[PDB]
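Here you get one chain, nothing else, as structure tokens; it is the form deposited in one PDB entry.
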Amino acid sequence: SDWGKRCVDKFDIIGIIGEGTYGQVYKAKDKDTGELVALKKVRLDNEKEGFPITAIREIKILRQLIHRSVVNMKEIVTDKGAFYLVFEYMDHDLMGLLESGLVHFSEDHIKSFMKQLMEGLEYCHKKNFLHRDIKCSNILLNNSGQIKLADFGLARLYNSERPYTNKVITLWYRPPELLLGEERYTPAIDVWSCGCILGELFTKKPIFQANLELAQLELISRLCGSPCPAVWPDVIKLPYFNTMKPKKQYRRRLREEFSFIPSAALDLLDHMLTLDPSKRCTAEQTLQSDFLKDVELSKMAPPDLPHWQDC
């Protein structure tokens, strides 16, 4: 409860986990209990407007979300300077796992991964919260088999009963409506990125790999069909619908380019990769699909997760 009083000297920095927005991410261990933690350094010494509003956002969101599939912020610590955000230490991220090539996930593994991720996203959506940065690097996996959702700095409240920022998700997982300029979007942007990682867990490669927005839009349209009023009556309302159009009017061929994945998985992937966000799967009904209906996690086993990398 009393956060911000404990000092960082109670932890020992092992190494650098990564580089976040406010600073670097540090692997550390508690000198009193032995618990591994992740520390986010939030510098304010040099900042012109003191404590970053981006970190203030990330703080007051993660302190409203308590869930097994959402990373829990344990405490906040200072030095005596700067502040450090204490998170429960996860063992891996899905991006680093897939890019290594040393891991192979069974459909039993993917069903367990998707059940936790969709359960955590439904919890955030039920609290009217968009993640707005779902990607493989922000899905954290434990050696016990637990999945968690991380980096809520870009998460924003959603008007349930108003406009927000257009370009918010990394391009490989950004839905077609944001590429076309939608600014009053819905939680459906989050279930789309999870559609890209459901397919990515069966390919070890991101589904839609481009670098420019227009070059991205045709890539999805080459798989899901080009955005048209026939399957998505509101394409005509998005700004860059005419300025940013594919080469030709492609046909949806998702059920065959992914014919190798299980039928229940392919049926869920089609429902989650639909062009029209009004026709897109809800996080609540993703767990009611045939692929995630009867997946009791206590009857599962952790995967082949390695322990060392030429990191």
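Just so we're on the same page, rigid core means the largest C-alpha set that superposes within 1.5 Å between forms. Residue numbers run from 1 along the displayed sequence.
The same protein also exists as the form deposited in another entry; that form is not shown, yet it is the one meant from here on.
Core-superposed comparison between the shown form and the other one: the C-alpha position of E257 differs by less than 2 Å. A displacement of 2 angstroms or greater separates the C-alpha positions of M300 between the shown form and the other one, with the rigid core held in common. The Cα shift for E47 between the shown form and the other one, taken after rigid core superposition, is 2 angstroms or larger. Look at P303 and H131: in that other deposited form their Cα atoms move 3 Å or more farther apart than in this form. If you compare C-alpha positions, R68 and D304 are 3 angstroms or more closer together in that other deposited form than in the form on display.
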